[PDB]
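Trainee: Pasting an experimental structure with its sequence.
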Amino acid sequence: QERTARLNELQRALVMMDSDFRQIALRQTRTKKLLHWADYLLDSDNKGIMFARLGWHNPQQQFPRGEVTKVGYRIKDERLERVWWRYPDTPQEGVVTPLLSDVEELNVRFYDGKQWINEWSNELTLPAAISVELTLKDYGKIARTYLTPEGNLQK
Amino acid sequence: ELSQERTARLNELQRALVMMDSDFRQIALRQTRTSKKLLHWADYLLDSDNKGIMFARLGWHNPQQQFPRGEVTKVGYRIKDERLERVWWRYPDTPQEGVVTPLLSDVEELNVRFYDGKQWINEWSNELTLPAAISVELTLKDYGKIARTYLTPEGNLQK
Amino acid sequence: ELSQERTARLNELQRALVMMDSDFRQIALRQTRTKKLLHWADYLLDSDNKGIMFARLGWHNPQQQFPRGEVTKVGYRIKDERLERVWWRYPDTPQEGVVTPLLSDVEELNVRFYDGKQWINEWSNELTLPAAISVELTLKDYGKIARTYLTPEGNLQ
Amino acid sequence: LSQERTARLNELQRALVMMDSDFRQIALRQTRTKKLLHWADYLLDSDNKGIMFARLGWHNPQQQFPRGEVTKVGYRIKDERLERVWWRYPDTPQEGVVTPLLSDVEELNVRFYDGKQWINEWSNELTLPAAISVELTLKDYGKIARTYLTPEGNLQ
Amino acid sequence: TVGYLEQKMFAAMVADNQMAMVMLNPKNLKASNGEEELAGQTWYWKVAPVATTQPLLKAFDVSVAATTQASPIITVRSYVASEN
Amino acid sequence: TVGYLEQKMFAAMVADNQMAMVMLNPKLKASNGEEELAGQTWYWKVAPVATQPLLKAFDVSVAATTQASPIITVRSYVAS
Amino acid sequence: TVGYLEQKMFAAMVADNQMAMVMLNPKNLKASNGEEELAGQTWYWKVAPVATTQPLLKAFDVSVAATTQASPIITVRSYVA
Amino acid sequence: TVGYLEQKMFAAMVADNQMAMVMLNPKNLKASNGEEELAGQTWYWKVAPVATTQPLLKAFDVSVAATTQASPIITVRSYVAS
Ligand SMILES: [Cl-]
Ligand SMILES: [Cl-]
Ligand code: NA
Ligand code: NA
């Protein structure tokens, strides 16, 4: 009953996170970095993460060929919430989706090619992989590893 | 007081539109079963209380090494008890109940029209090509009719 | 003695075909003057008989640059029973091109166009390319040889 | 004299068009006789240095996999002539299609840009140099050079 | 606050619908105008080509207003490949 | 029903995480390991699959023990 | 030497021509055969589906021979999505 | 006729060479100028950013002339993404 609804809530959370973290855009955002990962980012109660993501491809004729949006994840009162902005450059409150309840912790790690590390300060390239770990009050720790698009920016 | 509930409603709608933008702008030229179709559009599809729609969509690009380049997922929309719900499947060919998202409450109707190059028509039975454009209209209890028009990718399948 | 002349002719033929593959496999859905996708008419390019002209993909530009590809323009013609290939850097061009003499002893250049059910002898559709093109050369020594090339999909509005 | 000097220029334009077609389309794709760029004395039986690399030949029709057809080309000097050699397949057992491109070329030289400077050799087998300079010393005109940019990316 | 937010969201919806119509046939980019009913309200849209200082991209503006005379609630600029 | 659906979801998550690690450097060998997820140890296995010269294939399979049949097997392809 | 070189080159042209015809409509990929006149010679071509270790790609071989019995001068393999 | 055609073709080679160097590092689009010897002649090149009305494309001109004062033999304009 509750357990099935809880499983379904988790399923939805994961689909959403897949949609965002598998579409990280190699594009710097302001406050400027490729990946923002810091205590109280987005008014998170703990860690917050923010990045640009591929929104959709535009129709054939249109330039640019795709529209980049900006998304973030934070914990607010032990809920995982996802924040959405139409524009990577934004003056603004984002569109908040409460994604998953009973999330104590959000942790993200970064693969630097040889090992997992805890911060990402390189603003010219993405880490080759990102690991998003959630600690749930019921199920405990679950994690997802995602690959990033290859490429470098210039200084 | 009540201005809080109206803000929450507009916030709900913004969320719904973002989700629909994500889906309808990324429609894929990929036939799905249920005899296959490019776009499924019928009364009671997916157990809708009225119309339902189902289609393949670009879910994401896979990392450069990987073939195929695009991962195609499958999504649909239906009304259940005046709720717009979005249904999602990881694979376009699925035995599997879908992941249901309650997207928008107080939606009476879902109506979709297809641009066939000269008119907007009420069904799509061309299995070889998508319509050039799709108009998705919702009838909300409070706001009435609102509509979004989306363009599809160009291309033909072989017969 | 003139095992050498036969070998030279074979090698010449080989060079012509690599060059034609290069052009005909890279036809671009882009209209040219003097407005067609594919020009196929008598005395085109001052050919002695039929001449053919089209836009082609010249190369991809480096990552940073827009547009991502440079489109060039090419033509084939017969002058004094020799096949010649003409090249222009720019599809829209004010006159004469860079001329490559490609193959001697060509009696006839003919091109045909596959409209999805059969082969026809002209292409007047200014919005779409034909699914396939067949280029037929009649050599005085070898006779008729033909190459079929597919075009990119898509139409212009 | 006007006729002959006009014919020489047209010969050079022809050479340039052909070289542009090759060197602007270098493929990040290793070849044998593995290297990305082959650059060595007597390569392809050159009188001096020879250069060889994989290049994009053409895009295949949209149904076909792979989307790109990769060919292999090389340049050498044979008896003060620049020759272009062409192979349909990048992994070829031996003789390529030879085109005499430009007469009275005394030297072919190739330099490689490493992001900071021009250098004389390229022994990185996983990445291309960001730029390549092809230098021809013509018997009449002296040195003419074209710089080309390569595609970004690394192999493992 | 909510009345203004409504206007902004719904006028943006109309802007998107009219951008899409222009994009169906962007070789035929010209000054045009009309009306769309959305959320009970008539909205007045205008498409306007934008002069460019290059040959590669064409631009147009789609603006949406509450009357035929009114300043727009929303204006959005888009770009179309001139040689797609 | 819910306990089976849990096993399915959590093994699929480990399958995805391990495919990702394969894809990081596929130039591809048989390997295996253990990932702790949702309080359970999952036993994964990467296996090359024979194929044409263009694509490499691997299967990722995840089981509840080293002896057990897999709960899930996913196949992926990599460009040669 | 040139006699063999001619055969190789002209059989290869027929292979390319018949591949292009398969590529035009490869959903109806079937075993087929026929004849092409090229450079004064009849060439005997054959199209053969090839099994593939995956659902994504289909393969075919195009082979071209001097008779209906002969071993091919040329066999080319191609893949379609 | 031929002297003229030499200058056109050789200035054009230098234009292409210098555009290539700009394209290597185009975020750093600033005015520059220099010299290139080609076919025995010193050519004077100029790189000039070109004002733009849109936010998507940056533009620049490469011009090549026979002296530092002379009007250019050739000017080529190129566009770069942001
Ligand atoms: Cl999405
Ligand atoms: Cl080429
Ligand atoms: Na004859
Ligand atoms: Na000298």
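Mentor: Alright, I've got the coordinates. Residues are numbered from 1 along each chain as shown, chains lettered A, B, ... in the order given. Ligands and ions are numbered 1, 2, ... in the order given.
Trainee: What segments of the chain are strands?
Mentor: By default, I'm working from chain A. With DSSP state E as the definition, chain A shows strands at residue ranges A:35-39, A:47-57, A:62-63, A:66-76, A:79-85, A:95-101, A:103-111, A:116-117, A:129-136, A:140-147.
Trainee: You answered for a different chain; I wanted chain E.
Mentor: Secondary structure of chain E (DSSP E): strands located at E:32-38, E:41-50, E:57-65, E:74-81.
Trainee: Any idea which of these gets closest to residue H:46?
Mentor: Judged by Cβ to Cβ, the one of the strands of chain E that comes nearest to residue H:46 is strand E:57-65, at 25.6 Å. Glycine gets a C-beta too; all of them are placed from N, C-alpha and C.
Trainee: hmm, back to that, want to throw the strands of chain A into JSON lines with mean neighbour count and distance to ligand 2?
Mentor: Converted to JSON lines, the strands of chain A look like this (neighbours: other Cβ atoms under 10 Å in any protein chain shown; distance: least, Cβ to the ion, whole Å):
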{"stretch": "strand A:35-39", "mean neighbour count": "17", "distance to ligand 2": "41"}
{"stretch": "strand A:47-57", "mean neighbour count": "21", "distance to ligand 2": "29"}
{"stretch": "strand A:62-63", "mean neighbour count": "21", "distance to ligand 2": "26"}
{"stretch": "strand A:66-76", "mean neighbour count": "20", "distance to ligand 2": "29"}
{"stretch": "strand A:79-85", "mean neighbour count": "19", "distance to ligand 2": "44"}
{"stretch": "strand A:95-101", "mean neighbour count": "17", "distance to ligand 2": "48"}
{"stretch": "strand A:103-111", "mean neighbour count": "18", "distance to ligand 2": "40"}
{"stretch": "strand A:116-117", "mean neighbour count": "12", "distance to ligand 2": "45"}
{"stretch": "strand A:129-136", "mean neighbour count": "20", "distance to ligand 2": "38"}
{"stretch": "strand A:140-147", "mean neighbour count": "20", "distance to ligand 2": "34"}
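Trainee: Relative to chain E, which of these is closest?
Mentor: When these are ranked by proximity to chain E, the top entry is strand A:62-63, at 4.7 Å, counting by Cβ to the nearest Cβ.
Trainee: Which strands border that closest one, and is each parallel or antiparallel?
Mentor: Strand A:62-63 sits in its sheet next to strand E:74-81 (antiparallel), going by DSSP bridges.
Trainee: List of residues touching the strand it pairs with?
Mentor: Counting by Cβ atoms under 8 Å, 6 or more residues apart in numbering or on different chains, the neighbours of strand E:74-81 from elsewhere in the structure are A:61-64, E:8, E:11-12, E:15-16, E:19, E:22-23, E:26, E:29, E:50, E:56-64, H:54, H:56.
Trainee: ok, now which ones touch the residue lying closest to residue A:74 once chain neighbours are set aside?
Mentor: Nearest residue to residue A:74 in three dimensions, chain neighbours excluded: residue A:44, at 3.5 Å (Cβ to Cβ, 6 or more residues apart in numbering or on different chains). Each residue near residue A:44 by Cβ under 8 Å, 6+ apart is listed here: A:74, A:75, A:76, A:106.
Trainee: Which part of chain E gets nearest to chain A, residue-wise?
Mentor: Chain E approaches chain A most closely through residue E:79 (4.7 Å), counting by Cβ to the nearest Cβ.
Trainee: For burial, what's the neighbour tally of residue E:74?
Mentor: The tally of other residues near residue E:74 (other Cβ atoms under 10 Å in any protein chain shown) stands at 20.
Trainee: And it, how close does it get to ligand 1?
Mentor: 24 Å (Cβ to the ion, to the nearest Å).
Trainee: separation between that residue and residue E:66?
Mentor: Here residue E:74 is placed at a distance of 11 Å from residue E:66 (Cβ to Cβ, to the nearest Å).
Trainee: Quickly list what's touching both of those two.
Mentor: Jointly contacting residue E:74 and residue E:66 under the rule Cβ under 8 Å, 6+ apart are residue E:11.
Trainee: Tally up the residues packed near residue E:82, please.
Mentor: Using other Cβ under 10 Å, residue E:82 is surrounded by 17 other residues.
Trainee: just checking, it touches residue E:56?
Mentor: Yes. At 5.8 Å, residue E:82 and residue E:56 qualify as touching, with contact defined as Cβ atoms under 8 Å.
Trainee: Of all residues in chain A, which one is closest to ligand 1?
Mentor: Taking Cβ to the ion, ligand 1 has its nearest neighbour within chain A at residue A:19, 4.2 Å off.
Trainee: Likewise for chain E?
Mentor: In chain E, the residue that lies nearest ligand 1 is residue E:16 (17.1 Å; Cβ to the ion).
Trainee: Tell me if stretch E:31-44 is near chain B.
Mentor: Yes. In terms of Cβ under 8 Å from any Cβ of the partner chain, part of stretch E:31-44 sits within range of chain B, namely E:37, E:38, E:39, E:40.
Trainee: actually stretch A:15-35, sorry about that
Mentor: Yes. Applying Cβ under 8 Å from any Cβ, one finds stretch A:15-35 touching chain B at A:15, A:18, A:19, A:22, A:23.
Trainee: Give the bridge partners for the closest residue to the fourth one other than its chain neighbours, please.
Mentor: With Cβ to Cβ, 6+ apart as the measure, residue B:60 is the residue that lies nearest to residue A:22, at 4.3 Å, once sequence neighbours are left out. On the basis of DSSP bridges, residue B:60 takes part in beta bridges with residue B:71.
Trainee: any idea how far residue B:60 lies from chain D?
Mentor: 20 Å (Cβ to the nearest Cβ, to the nearest Å).
Trainee: Over to residue E:57?
Mentor: When distance is defined by Cβ to the nearest Cβ, residue E:57 is 23 Å away from chain D.
Trainee: If you tally nearby residues, what's the number for that residue?
Mentor: There are 21 residues near residue E:57, going by other Cβ under 10 Å.
Trainee: of the residues of stretch A:15-35 next to chain B, closest to chain C?
Mentor: Sorting those by distance to chain C puts residue A:23 at the head of the list, at 20.5 Å, by Cβ to the nearest Cβ.
Trainee: OK, contacts around residue A:106?
Mentor: A:44, A:46, A:47, A:48, A:49, A:73, A:74, A:75, A:80, A:132, A:133, A:134.
Trainee: My read is that residue A:88 contacts residue A:69, right?
Mentor: Yes. Residue A:88 lies in contact with residue A:69 (Cβ under 8 Å); the separation is 6.9 Å.
Trainee: Give me the common contacts of these two.
Mentor: Going by Cβ under 8 Å, 6+ apart, residues that sit against residue A:88 and also against residue A:69 are residue A:52.
Trainee: quick one on the thing from earlier: which two among the contacts of residue A:44 are spaced furthest apart?
Mentor: For the contacts of residue A:44, the farthest-apart pair by Cβ to Cβ is A:76 and A:106; their separation is 10.8 Å.
Trainee: Stretch E:36-56 near chain C at all?
Mentor: Yes. Judged by Cβ under 8 Å from any Cβ, stretch E:36-56 comes into contact with chain C through residue E:56.
Trainee: roughly how far is that stretch from the heart of the chain?
Mentor: Here stretch E:36-56 shows a centroid-to-chain-centroid distance of 2 Å under the convention Cα atoms, centre = their mean, to the nearest Å.
Trainee: hmm, back to that, which residues touch the residue of chain A closest to ligand 1?
Mentor: Residues in contact with residue A:19, defined by Cβ under 8 Å, 6+ apart, are B:22, B:59, B:60.
Trainee: number of nearby residues for residue 29?
Mentor: If you meant another chain, say so; for now it's chain A. The number of residues packed near residue A:29 is 22, by other Cβ under 10 Å.
Trainee: wrong one, I was asking about chain E
Mentor: Neighbourhood size, residue E:29 [other Cβ under 10 Å]: 18.
Trainee: Give the full set of residues in contact with it.
Mentor: When contacts are counted by Cβ under 8 Å, 6+ apart, residue E:29 is found next to E:22, E:47, E:49, E:58, E:60, E:80.
Trainee: quick one: which of those is most hemmed in?
Mentor: Neighbour count (other Cβ under 10 Å) singles out residue E:60 as the most crowded of these, with 22 neighbours.
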